[PDB]
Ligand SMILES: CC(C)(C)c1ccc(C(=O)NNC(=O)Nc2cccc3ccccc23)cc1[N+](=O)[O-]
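A single chain comes next, written as structure tokens; it is the form deposited without the ligand.
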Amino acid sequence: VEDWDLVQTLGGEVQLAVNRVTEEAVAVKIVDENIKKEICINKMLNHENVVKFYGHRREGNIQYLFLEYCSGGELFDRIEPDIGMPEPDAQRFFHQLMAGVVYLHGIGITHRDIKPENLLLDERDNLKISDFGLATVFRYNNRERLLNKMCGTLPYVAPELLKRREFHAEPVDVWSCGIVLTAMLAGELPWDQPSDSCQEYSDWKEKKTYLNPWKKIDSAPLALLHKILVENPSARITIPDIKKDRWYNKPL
């Protein structure tokens, strides 16, 4: 209830804010129904690996979202093109990515748009999941509801979403996570989209892993990926299973 400076715009606009009395820094979203849902979902969320939502003020027609500030920037910038990043660094971001994702699912919320751009790093380099503008509720009162709407980024998106009227929410999220894993370890994205028309996707389906980006990826990491980027969302590895994966538990 005290003045905030509005020092700079981080990323509708997002501008970093610092308190005059305390000097605490906050990320404030400036928005000039989707907004209402975003706030509604944020109220729900409390986790170390999910961005913290402080509050909202309705001013004029402008909506204010008070969110945790990540000095780290986005994970997107920690990947060198065509190289990615050290395997130890990737595993840790992935462990954190899984933690944030697991929490949302128990909570019954799916992000629906997981990408490096949406994964933020704090001062300690800890991963945070950012932006619930596309997020939705997939479990209420212990009953699941199938999703039929299409949203996300095409490279990150699951194959089922493209070819099916209705799909499970959780499996779509795991696929996006796997793709993020691929980028961290390869520095490049496998296909423009997960389609038979796309040549790169077909090769992966054919198992031609002697080609980029698979060639860059180590065999242990790759084995996990084979399990994650499985076209049948029903046969796709689950998060509990990811934890049991050998690479996932490999000391690096």
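The numbering used is simple: start at 1 and walk along the sequence shown.
The same protein also exists as the form solved in complex with the ligand; that form is not shown, yet it is the one meant from here on.
In summary, the binding site of this form is open: after superposition of the surrounding C-alphas, the ligand from its pose in the deposited bound form has no atom within 2.4 Å of backbone or C-beta atoms. Shown here without its partner, the chain carries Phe76, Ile79 and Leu189, all of which come within 4.5 Å of the ligand in the deposited bound form through at least one heavy atom. Heavy atoms within 4.5 Å of the ligand in the deposited bound form are found in one stretch of 142-150, 98-106, 161-169, 111-119, which is 111-119. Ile217 falls outside the set of residues with a heavy atom inside 4.5 Å of the ligand in the deposited bound form. Using a 4.5 Å cutoff between non-hydrogen atoms, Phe93 does not count as a contact of the ligand in the deposited bound form. Although the partner is absent here, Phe138 is not a contact residue: none of its heavy atoms lies within 4.5 angstroms of the ligand in the deposited bound form. In the deposited bound form, just one residue of 151-169 lies within 4.5 Å of the ligand by at least one heavy atom: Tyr156.
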